[PDB]
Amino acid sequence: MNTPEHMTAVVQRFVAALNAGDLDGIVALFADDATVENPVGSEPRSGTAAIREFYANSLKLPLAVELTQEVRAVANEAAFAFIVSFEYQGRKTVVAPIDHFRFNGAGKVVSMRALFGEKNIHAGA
């Protein structure tokens, strides 16, 4: 039974896993046949193997992930605003996406879509 409380807690665990670089933890929130579309408009990754690979590469560089507003959750779906910060070669970048999660009856994430464009990628600091 997908309660808003459960979906919201999952978003929190997702953000926490990214910050800790806990790959297994992240993957554990997704269903076996879950799909990840990053960014929106690209071919979705499908399956545990593909999802694990995506997050492995996405975590090569240490990330500071933070929820910037309250989580929106209703009818087996949740959306959240946040930022992802990292640095390379003394250059700071802050990406500000809006993620959309769809959950199944078992409470696992069956679909994730990260919506953000170049204007949401802020270089400099």
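Just count from 1 along the sequence shown to find any residue number.
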Tell me which of 36-44 and 95-103 has the higher mean C-alpha B-factor in the deposited entry.
-> 36-44
Read off the CA B-factors in the entry, average them over 62-70 and over 45-53, and name the higher stretch.
-> 45-53
Relative C-alpha B-factor of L23, binned into the chain's lowest, middle or highest third = highest
When the modelled residues of the chain are sorted by Cα temperature factor, does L29 land in the lowest, middle or highest third?
-> middle
Chain-relative C-alpha B factor for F86 (record values, thirds): the middle
